[PDB]
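Undergrad: I'd like to ask some things about the structure below.
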Amino acid sequence: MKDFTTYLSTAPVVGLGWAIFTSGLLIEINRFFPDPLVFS
Amino acid sequence: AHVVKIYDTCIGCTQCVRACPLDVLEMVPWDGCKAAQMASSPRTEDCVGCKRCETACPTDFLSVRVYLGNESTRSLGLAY
Amino acid sequence: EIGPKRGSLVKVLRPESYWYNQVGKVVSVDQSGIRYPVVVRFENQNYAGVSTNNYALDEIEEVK
Amino acid sequence: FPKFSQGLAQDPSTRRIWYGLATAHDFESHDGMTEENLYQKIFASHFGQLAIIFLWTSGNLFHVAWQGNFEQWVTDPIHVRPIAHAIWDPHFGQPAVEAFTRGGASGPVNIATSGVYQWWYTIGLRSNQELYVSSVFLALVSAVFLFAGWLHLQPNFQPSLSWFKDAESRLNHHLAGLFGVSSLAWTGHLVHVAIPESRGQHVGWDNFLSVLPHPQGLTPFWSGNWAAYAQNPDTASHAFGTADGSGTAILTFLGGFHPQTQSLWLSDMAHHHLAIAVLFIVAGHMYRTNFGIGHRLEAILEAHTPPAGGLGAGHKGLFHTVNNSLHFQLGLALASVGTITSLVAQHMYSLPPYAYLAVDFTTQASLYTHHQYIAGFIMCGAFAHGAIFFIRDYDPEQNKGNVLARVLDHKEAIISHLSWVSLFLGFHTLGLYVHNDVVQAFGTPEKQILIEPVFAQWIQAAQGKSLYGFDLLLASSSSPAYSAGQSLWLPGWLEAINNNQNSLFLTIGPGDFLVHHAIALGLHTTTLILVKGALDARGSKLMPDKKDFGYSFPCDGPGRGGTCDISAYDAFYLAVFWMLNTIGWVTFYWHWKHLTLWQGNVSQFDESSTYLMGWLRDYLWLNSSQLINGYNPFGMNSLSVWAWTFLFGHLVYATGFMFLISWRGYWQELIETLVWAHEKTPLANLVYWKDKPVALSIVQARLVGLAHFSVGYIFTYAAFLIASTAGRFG
Amino acid sequence: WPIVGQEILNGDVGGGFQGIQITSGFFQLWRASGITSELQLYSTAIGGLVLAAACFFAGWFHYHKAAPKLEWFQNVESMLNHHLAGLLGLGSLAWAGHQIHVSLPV
Amino acid sequence: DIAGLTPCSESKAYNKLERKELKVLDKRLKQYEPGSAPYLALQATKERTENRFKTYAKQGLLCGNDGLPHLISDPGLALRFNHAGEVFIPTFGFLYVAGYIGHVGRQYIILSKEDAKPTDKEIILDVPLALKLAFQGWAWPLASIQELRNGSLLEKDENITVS
Amino acid sequence: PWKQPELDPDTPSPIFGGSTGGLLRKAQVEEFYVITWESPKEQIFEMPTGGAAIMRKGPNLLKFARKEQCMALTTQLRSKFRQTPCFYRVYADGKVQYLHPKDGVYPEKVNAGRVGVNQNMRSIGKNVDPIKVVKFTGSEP
Ligand code: CLA
Ligand code: CLA
Ligand code: CLA
Ligand code: CLA
Ligand code: CLA
Ligand code: CLA
Ligand SMILES: CC1=C(C/C=C(\C)CCC[C@H](C)CCC[C@H](C)CCCC(C)C)C(=O)c2ccccc2C1=O
Ligand code: SF4
Ligand code: SF4
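Protein chains in written order, with the deposited numbering: chain J, 1 to 40; chain C, 2 to 81; chain E, 65 to 128; chain B, 6 to 735; chain A, 119 to 224; chain F, 78 to 240; chain D, 69 to 209.
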């Protein structure tokens, strides 16, 4: 398990979790309060 | 007709001599290094300007440099 | 003793070198009158892949 | 064959022939050279380029007078098309001569695009006889210069080195005589000849002594009443040829354009080149030359050293650096000439100086594009020739502590900041274009990020444009800047700038905003590619001694991870691609914004230039309809020559991709195989080459492929620019 | 899905349905065989996942647990007979059966 | 108003563009049945489109002769004429986020280089440390001026040069 | 060596059917190279130009058009079969020159007789700028 967690700490995997967060956050930020252009 | 100059930083590795195919580099004794060897370039008329030697040199910067210049039949590697 | 101490870090002053104004460990020093006795080892590689090079007394100075 | 170089002559291959041409006019590297013989060979060669210029101009005059319609054009300048030179191609067919004979002339012809008809007509040429007389004049002047390049090379008449390195005398003679007196005389021509020719009077060598330019003569000039020459200017209802609506003025400050010929007033341009003559003669008497008075150049540079030491020693040591380095002097001249060439492009389309040029839509384009393309080529040379200075003619110990060494010391900061500007400009410009490409595509054209260029509209309001409503000083009647120059220039200037049917300060929108930002990205990155090749010319960490090798070399080998395209020549090589890309955008933006103006539908550019598909749909694909149908299977129009050239460019551009992508090693093994066949064949083996065949060198291919690349990048657009604009006639 | 823009891609294809128009020819392939309902496609998908895991399991088994020797690989003559008769021969004979009993009667 | 631009509420082309974009959906809506899912999808797009246009008008945007909204960048005109949310306020929002990425990556680089084998820490990250710094960077401007005023931000001629 | 070995132009060659990588018109006109070596048994080796050939027990001789073609073969024989080849240079005039083991000892081993050539007594870099030698040839010499 120590080696599995180490594999998960590689660059390709940590980047995959980052991408799901940033993309998931932005798509969710467009789904709610739809299509923003001016900021109030 | 290329130019091959070796500088003061040689350490007598002989890797330049083993690499260059055309036998343009040989080892000569010297008192400057631990190995008591230094390179030389007696026959540059046979230099094809491949520049493999410079790659062999394992110093911070090259103690062997092949300054390209005027061409010839032997330098251009022409079988014809 | 002729030169810096074993295991001592020093800063390089060759303008030609990849390691210029950079620090490296002194691996050894020869006291037989050689022009470039001081052997130095760095962690970072150069462009070729070599991490050591023999420098001179005047070309090296104290760290930082 | 190269006598100037023995090293290449001993070469047995074809590399001798190629390198013999390219190193021909590089006098420094020649064998047995001397600094004194260098300047003399240059001085003689510079006479040559004059000889080709004056002959090239003589050829246009003759070929126009003999074959053109200059006499017919002046009578109806708007409708009649000019004629450049006739055609004799025996490979034509009968439909082609019937199509290419569109002009009034009998045989087929080529319609002109330069604009020389509008220029010659303005300065007072109204006959073909006067062009014949002129073509002889320049051909004589051309022969005189050839005789001088030979004469000033002889044992006698051979200038010494001290004569060349006399900067103070060259400035005074060239600023006062070449610039000033020439500008003074051109005013003498506009007054004594051209303005009369506009107002009907025929002035020539027969009658220029008897005819007065002004009724009063010179008595106002001596008395001091210099305002008498500006009393009765030409009226608005004035035909450019006849005396209807004429005046007596020769020097005036009306400002603005002439109504009929949308062009600058001749009396203004006459007044212009006069004042330029005065400043330039005054500036000519500045430096010291064989008399006690005058400034010295070296004393000035040594003095302008700031005390605190922000620049160290300052400008010390630079005089001997500039005066002895020819590459330094050449970079500054190209830098200055390159920039000026862009001004000529930017200031002519907005301020037409010639008669009936605003109406000739095809002619305005070509001239603007030709000057802009040359601007980039000249600018690239200034850096490149600036990089050679650092290798050959730079001495660090002499130039120690000065501005030139202090720049070269911290170059890592300059190249870093330049890179950041290009990255930020490139990422944001591409992003805005993409964001609008998509959001248009999903049917929502209101979600676009359209930012108004407020800072530029602030200027046009501060220069007379009342559309935006900023109400700045010169758009406000109460301000003093409106009060001053109210009697002089503003009534004519305010009328033109506020007119939205001319190219003087066109309306700006958010589409013009993105195009300007895209340009900035190209200009900053192009400089970064060049600046790097200059500052890192002396050395890099990968190659601490580039200076020992030269400006142009292959590479330092596959060692140290790879050193292909390090030399400063390879930086110039890569910048030309960007240069063409930058001028392309600059020129694509000029053409479309003007087509929409000429077609009347300005809304085409404002709405569609905000997203990239508009550029591909509305500008490229749409205006390439009449052109592509130049030779149809049914028939052929007069635009067939342009469609043929259209493809000719598309092809030459692709052939360069071979020399760029495919390198040498694939080919030399191939030529070795053909050599085997030529010797083993029974009868062909009897024939044997004198020089051995080998593939082209590495640096040669970079050059050759760039030529095939740039020629296609010019011949393609020139056809598209002329055909699109000529077929619509608007 | 329905996000910013995007939905317009779900064009009016026809059949009480809107989506991206494909150009793979799967629909004509599934009709050449006897396929009238969607239930036949679901099973066909679950079979692939079952066989695919078997394939993946095999690669771990044939390498990590029980891996053949070089002698097994050099039995090239054996491979040709099994690949020709077994895979291409019976494979084609099998398909004929399905076409005769399903692809033709449907 | 400013720069000869009309507000989007008063513009005619702005409403013309609304009537156009809705007409496309109404024509597309005629094909399908009322209670079907394609009908619900298009009605939602109709609802979003009607909301996009009214919100941009309510926000005091400026529409040109073409009928599309334009943005203003100078903070003086933005604040004077109430157009600050367009560009001037988006600039501060981004800089806080951009600085956060820099202050975080700079700290992970410095701290891993204080230990043995920093090369391995780049390809194989210390995720507990990276998350710690990522949640400690909310006040990145304070630390920067703290590090600038102190002098431990910049290095001093201990860097490699080339000549 | 003790003495330069003169060329024996009549020695048996390897068993090689022939190829197209052989000699061209340059060889008869300008120069060509020949290599000699002595093998203890009959073996197979790769030629630089072409394919495989069979050596012969005893002396062997080849003819090549380039020095690299010859030295490429020495590196193969010295490594694979551990032999000691020696090759010459033959001009069109018939003159012969003994090249590679010119001292008898291979260049990668020192010998007292050798004298240094093209030896600069300075560090790389640390040399004058091109401006100092602007009007004659050479910054490195
Ligand atoms: C006042 C103008 C001026 C002057 C006096 C010089 C003078 C010189 N330049 Mg310079 N240069 C200039 C402008 C100028 N240049 C500009 C504007 C640029 C930017 C493009 C350059 C770029 C430049 C480079 C990059 C180099 C020089 C070099 C040189 C030196 C001579 C090289 C030589 O003999 O080449 C002779 C070369 C030729 C005869 C070949 C030119 C062939 C051209 C490219 C083909 C053109 C296409 C074809 C004809 C099109 C036909 C159309 C077809 C359809 C029919 C000499 C000091 C060289 C130098 O100093 O080396 C150290 C050098 O490397 N110059
Ligand atoms: C910038 C100066 C300048 C320029 C470019 C022109 C240009 C022109 N003039 Mg003009 N002119 C000028 C000044 C100038 N003028 C001045 C100051 C006057 C007042 C006297 C006139 C009075 C005048 C008249 C009255 C006429 C012209 C005409 C002409 C046209 C034809 C000239 C021709 O074919 O050569 C013909 C040349 C000669 C007959 C001999 C010229 C003798 C001078 C002194 C030689 C100068 C050579 C000069 C030094 C060359 C430079 C190279 C140098 C190194 C050798 C041409 C557009 C004629 C025309 O039809 O225009 C509409 C015409 O009839 N001009
Ligand atoms: C439109 C661009 C272009 C053109 C014209 C060519 C042309 C050619 N390529 Mg390239 N190729 C290209 C793009 C192009 N390629 C690019 C960008 C790449 C990069 C991958 C490659 C990579 C490449 C490789 C690696 C090789 C080729 C080969 C060839 C040659 C094949 C022999 C042949 O068919 O010639 C026939 C002649 C023509 C096709 C020219 C057609 C135009 C007409 C016929 C010429 C008219 C002449 C005219 C009448 C005379 C006027 C004289 C005038 C001075 C008066 C040929 C010359 C092969 C080769 O050279 O070996 C055989 C080779 O192996 N190509
Ligand atoms: C395989 C088919 C093919 C190919 C390979 C080409 C290739 C080429 N065409 Mg072409 N063309 C084709 C088909 C093809 N065409 C067809 C079918 C037509 C219609 C019949 C045309 C009509 C056409 C025209 C009218 C023109 C070309 C041009 C060109 C050349 C421009 C290359 C370049 O990099 O310039 C530079 C590329 C650009 C500047 C970008 C392309 C246009 C962009 C979208 C404009 C954006 C400008 C603006 C500032 C935004 C960019 C900024 C950015 C930061 C976002 C190029 C070699 C042009 C040319 O001759 O070269 C000068 C030219 O004017 N083509
Ligand atoms: C990345 C590679 C690739 C991809 C993405 C695709 C994608 C596609 N293929 Mg294709 N195919 C490929 C490679 C690829 N193919 C190659 C290299 C071949 C040469 C053998 C074929 C032969 C092929 C055929 C004959 C057909 C497709 C079809 C299709 C389409 C339907 C997919 C499907 O499941 O049909 C499934 C296919 C079948 C049910 C019939 C397969 C019959 C072949 C002949 C079986 C041969 C297998 C055999 C054991 C392997 C060769 C033996 C060896 C000795 C050569 C689809 C768009 C079908 C189509 O057109 O769609 C409508 C179609 O008929 N493919
Ligand atoms: C902490 C990481 C980091 C930091 C603090 C910086 C900081 C800086 N960079 Mg930079 N850079 C980085 C990573 C970083 N960079 C990476 C990974 C690359 C390779 C793509 C580059 C490539 C690069 C170039 C080409 C340039 C800079 C430049 C600059 C300077 C101006 C800002 C800029 O526009 O850069 C550009 C910004 C980018 C290219 C985006 C970088 C990619 C992401 C957004 C950042 C990486 C964050 C990291 C992966 C997260 C790790 C966090 C950790 C806890 C796990 C600036 C001081 C410019 C300069 O020289 O200054 C004058 C410049 O020209 N950088
Ligand atoms: C095709 C090709 C060759 C070989 C091309 C050759 C040998 C063609 C040159 C010789 C022909 C006969 C000249 C053709 C004539 C020209 C059309 C006109 C030349 C005009 C000048 C005399 C001014 C290279 O040597 C080469 C080298 C490096 C990178 C790429 C390449 C490359 O792509
Ligand atoms: S250039 Fe090539 S052949 Fe000549 S000495 Fe160097 S490596 Fe050997
Ligand atoms: S230019 Fe060619 S030979 Fe030189 S390093 Fe690059 S790929 Fe290798």
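Just so it is clear, CB atoms sit at the ideal spot from N, CA and C, and this is done for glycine as well.
Hey, is B/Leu145 close to ligand 8, as in C-beta under 7 Å from one of its heavy atoms?
TA: To locate residue 145 of chain B, count along the fourth sequence from 1; it is residue 140. Outside the cutoff, so no.
Undergrad: With 8 Å as the threshold, decide whether the Cβ of E/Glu125 is near any Cβ in chain C.
TA: Start at 1 with the first residue of the third sequence, and residue 125 of chain E comes out as number 61. With 8 Å as the cut-off, E/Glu125 does not count as an interface residue toward chain C.
Undergrad: Is there a Cβ from chain F that is less than 8 Å from the Cβ of J/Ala11?
TA: Looking up residue 11 of chain J in the first sequence gives position 11. Yes, its Cβ sits closer than 8 Å to a Cβ of chain F.
Undergrad: At what residues does the beta strand (DSSP E) containing E/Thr116 begin and finish?
TA: Indexing the third sequence from 1 puts residue 116 of chain E at position 52. Counting along the chain, the unbroken beta strand (DSSP E) around E/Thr116 starts and ends at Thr116 to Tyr119.
Undergrad: Taking the alpha carbon of B/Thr434 as the point to measure from, which residue in B/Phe32, B/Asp517 and B/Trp93 has its own alpha carbon closest?
TA: Residue mapping note: residue 434 of chain B aligns to position 429 of the fourth sequence, counting from 1. Nearest option by C-alpha distance: B/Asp517.
Undergrad: Quick one, are the C-beta atoms of B/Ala56 and B/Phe150 less than 8 Å apart?
TA: The residue you call residue 56 of chain B lines up with position 51 of the fourth sequence. The residue you call residue 150 of chain B lines up with position 145 of the fourth sequence. In contact: B/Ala56 and B/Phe150 (Cβ atoms closer than 8 Å).
Undergrad: Please decide whether E/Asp122 counts as near chain C, where near means a Cβ-Cβ distance under 8 Å.
TA: Numbered from 1 along the third sequence, position 58 holds the residue referred to as residue 122 of chain E. Cβ-Cβ to chain C under 8 Å: no for E/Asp122.
Undergrad: Can you pull the DSSP bridge partners for A/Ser196?
TA: In the fifth sequence, the residue the question calls residue 196 of chain A occupies position 78. BP columns for A/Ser196 are empty, so no partner.
Undergrad: Excluding the 5 residues preceding and the 5 following E/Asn118 in the sequence, name in chain order all residues of the same chain whose CB lies nearer than 6 Å to its CB.
TA: Walking along the third sequence from the start, residue 118 of chain E turns up at place 54. So the qualifying residues of the chain are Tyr100 and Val103.
Undergrad: If we require 4 or more residues per run, which alpha helix (DSSP H) segments fall completely within the region 303 to 342 of chain B?
TA: 323 to 329
Undergrad: Let me know the secondary structure DSSP gives B/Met618 once reduced to three states.
TA: Here residue 618 of chain B corresponds to residue number 613 of the fourth sequence, with the count starting at 1. Correct three-state label for B/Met618: helix.
Undergrad: Run down chain B in chain order and give the residues with a C-beta less than 9 Å from the C-beta of F/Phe171.
TA: What you label residue 171 of chain F is simply residue 94 of the sixth sequence in a count that begins at 1. Under the 9 Å cutoff, chain B gives no residues; its nearest Cβ is about 11 Å from F/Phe171.
Undergrad: At a Cβ threshold of 8 Å, is F/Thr122 touching chain A?
TA: To locate residue 122 of chain F, count along the sixth sequence from 1; it is residue 45. With 8 Å as the cut-off, F/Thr122 counts as an interface residue toward chain A.
Undergrad: Taking only beta carbons into account, state which residues of the region 438 to 450 of chain B come closer than 8 Å to chain A, listed in chain order.
TA: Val443, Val444, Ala446, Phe447, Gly448 and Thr449
Undergrad: Considering Cα atoms alone, identify which of B/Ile281, B/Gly209, B/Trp270 and B/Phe285 is closest to B/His178.
TA: Stepping through the fourth sequence from its first residue, residue 178 of chain B is reached at position 173. The shortest C-alpha separation from B/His178 is found at B/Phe285.
Undergrad: Who sits around ligand 6, taking every residue whose Cβ is closer than 7 Å to one of its heavy atoms?
TA: B/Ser421, B/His422, B/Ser424, B/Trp425, B/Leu428, B/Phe429, F/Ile178, F/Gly179, F/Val181, F/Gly182, F/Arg183, F/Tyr185, F/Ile186, F/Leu202, F/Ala207, F/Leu210 and F/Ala211
Undergrad: Got a sec, what are the start and stop residues for the alpha helix (DSSP H) B/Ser50 sits in?
TA: Position 45 of the fourth sequence holds residue 50 of chain B. Unbroken alpha helix (DSSP H) run through B/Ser50: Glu40 to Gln72.
Undergrad: Mind listing, in chain order, the continuous alpha helix (DSSP H) runs of no fewer than 4 residues lying wholly within the region 124 to 179 of chain A?
TA: Complete alpha helix (DSSP H) runs here, min 4: 144 to 150 and 157 to 178.
Undergrad: Output the boundary residues of the alpha helix (DSSP H) element that contains B/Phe142.
TA: For this step, residue 142 of chain B is matched to residue 137 along the fourth sequence. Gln134 to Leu156 is the span of the alpha helix (DSSP H), which, as asked, contains B/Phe142.
Undergrad: From B/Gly514 to B/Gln462, what does the alpha carbon distance come to, in whole angstroms?
TA: Within the fourth sequence, numbered from 1, the residue matching residue 514 of chain B stands at position 509. Within the fourth sequence, numbered from 1, the residue matching residue 462 of chain B stands at position 457. So the two alpha carbons sit approximately 9 Å from each other.
Undergrad: Relative to the C-alpha of B/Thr253, which candidate in B/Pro218, B/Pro264 and B/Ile281 has its C-alpha closest?
TA: Position 248 of the fourth sequence, counted from the first residue, corresponds to residue 253 of chain B. Comparing Cα-Cα distances from B/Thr253 to each of B/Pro218, B/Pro264 and B/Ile281, the minimum goes to B/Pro218.
Undergrad: Can we count B/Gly490 as close to ligand 2, meaning its CB is less than 7 Å from some heavy atom?
TA: Your numbering for residue 490 of chain B matches position 485 in the fourth sequence. Incorrect: B/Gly490 has no Cβ contact closer than 7 Å to ligand 2.
Undergrad: Any beta carbon from chain B within less than 8 Å of F/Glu98's own beta carbon?
TA: For the purposes of this step, residue 98 of chain F is taken as residue 21 along the sixth sequence, with counting starting at 1. By this cut-off, F/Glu98 is an interface position.
Undergrad: For B/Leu279, which option in B/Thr326, B/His263 and B/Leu189 has the closest C-alpha, if you only look at C-alpha atoms?
TA: On the fourth sequence, position 274 is the one that residue 279 of chain B refers to. B/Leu279 has its Cα closest to that of B/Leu189, out of B/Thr326, B/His263 and B/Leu189.
Undergrad: Could you check which residue in B/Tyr378, B/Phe152 and B/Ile298 has the C-alpha nearest to that of B/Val581?
TA: The residue labelled residue 581 of chain B in the question sits at position 576 within the fourth sequence. Answer by Cα proximity: B/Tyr378.
Undergrad: Nearest-angstrom Cα distance between F/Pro167 and J/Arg31?
TA: Residue numbering aside, residue 167 of chain F sits at position 90 when the sixth sequence is read from its first letter. Residue numbering aside, residue 31 of chain J sits at position 31 when the first sequence is read from its first letter. Their backbone Cα atoms lie some 20 Å apart in a straight line.
Undergrad: Could you check if B/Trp668 belongs to the surroundings of ligand 9, using beta carbon to heavy atom distance under 7 Å?
TA: For the purposes of this step, residue 668 of chain B is taken as the residue at position 663 of the fourth sequence. Within the cutoff, so yes.
Undergrad: Looking at ligand 2, does it come within less than 7 Å of B/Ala275, judged from the CB to the closest heavy atom?
TA: Sequence index remark: in the fourth sequence, residue 275 of chain B carries index 270 (1-based). Because no heavy atom of ligand 2 lies under 7 Å away, the Cβ of B/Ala275 does not count as near it: no.
Undergrad: Could you tell me whether the region 468 to 481 of chain B touches the region 86 to 98 of chain F, using the rule of 3 or more Cβ pairs below 8 Å?
TA: no
Undergrad: Tell me D/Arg157's beta-bridge partners as DSSP assigns them.
TA: By 1-based counting over the seventh sequence, the position of residue 157 of chain D is 89. For D/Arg157, which the question treats as bridged, DSSP gives the partners D/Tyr101 and D/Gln165.
Undergrad: According to a CB-to-CB cut-off of less than 8 Å, which residues of the region 28 to 58 of chain B neighbour chain D?
TA: Here the close residues are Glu33, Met38, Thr39 and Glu40.
Undergrad: For B/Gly317 and B/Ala410, I'd like the C-alpha separation in whole angstroms.
TA: For this step, residue 317 of chain B is matched to residue 312 along the fourth sequence. For this step, residue 410 of chain B is matched to residue 405 along the fourth sequence. Going from the Cα of B/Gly317 to the Cα of B/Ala410 covers about 10 Å.
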